[PDB]
């Protein structure tokens, strides 16, 4: 279709790293781009169908807080091409650097993430893997939600109880996206990952599933707004249908951002 980029047009550059189901490279195509070369070689009919479905979903996204899809390749192999983002992931800023954001900045990041998610859900798109390592801070300022996944057990902390239980075939929903966002809020407000005092991964899975273990909200920073702590608890509610939806989440965080400037 019209988003297919013919072979030879993109000059592939530096190998950035192993992403989600592919290898990401910086590239040149009318400026800078990112190019994820999918791991699949000799794809089955169902792998080609799944690729076309995902391109179809990405084609429906036009929002500043969603990583900008730019095109795809078929030959010599499957690939997704997007805008190049400058900087690092939110995971890197929060958990792999000595940079400490001020509360105004943290709330701005929460607001922009909420803008992107509110947008996705309005178009009936479920992310399914929202987490800080899938949020990029383009130019250290603009949230870009995507599927970066750079260096699974590395999504366990963001999984809602119904997802982690896996008691049904498709537990992913708007509501489980909201829970994952609640964990992102926990990361922003505490600067930390949840359950850091438990060293057994299998026991985190079991306890989050049965509702005996939840994020310790007493660890939020002293200047985290009371309303943000309340909103976070709502997003993290163990019962799927007691969680808020994104229009309200966005509206409240937008007001928190407005008060800070």
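Numbering follows the first chain given and starts at 1. Think of the rigid core as the biggest set of C-alphas that the two forms share within 1.5 Å after superposition.
- Per-stretch RMS Cα distance to the displayed form in 5 other deposited structures of this protein, following rigid core alignment, is highest for 98-106 when 98-106 and 181-189 are compared.
- Superposition on the core shows that, in 5 other deposited structures of this protein, the C-alpha atoms drift more in one of 27-35 and 230-238; this is 27-35.
- Modelled in this chain, residue 153 is nonetheless absent from a third or more of the other compared entries whose models extend past it on both sides.
- Compared against other deposited entries of this protein, residue 129 counts as consistently modelled, with coordinates in all of those that resolve the residues around it and thus below the third mark.
- According to the entry, the deposited sequence has 10 or more residues without coordinates between residue 151 and residue 152.
- In this crystal structure, the stretch out of 211-219 and 228-236 whose C-alpha atoms carry the higher mean B factor is 211-219.
- When 196-204 is weighed against 65-73, 196-204 comes out higher, by mean CA B-factor as recorded in the entry.
- Going by the entry's values, 78 shows the largest Cα B-factor out of 90, 117, 81, 78.
- Sort the chain's modelled residues by C-alpha temperature factor and residue 255 lands in the middle third, per the entry.
- For residue 248, the recorded CA B-factor ranks within the lowest third of the chain. Only modelled residues enter the ranking.
- Ranked within its chain, residue 101 lands in the highest third, by CA B factor from the PDB record.
- Per the PDB record, residue ranking by Cα B-factor puts residue 52 in the highest third of the chain.
- Ranked by C-alpha B-factor against the other modelled residues of its chain, residue 177 falls in the lowest third.
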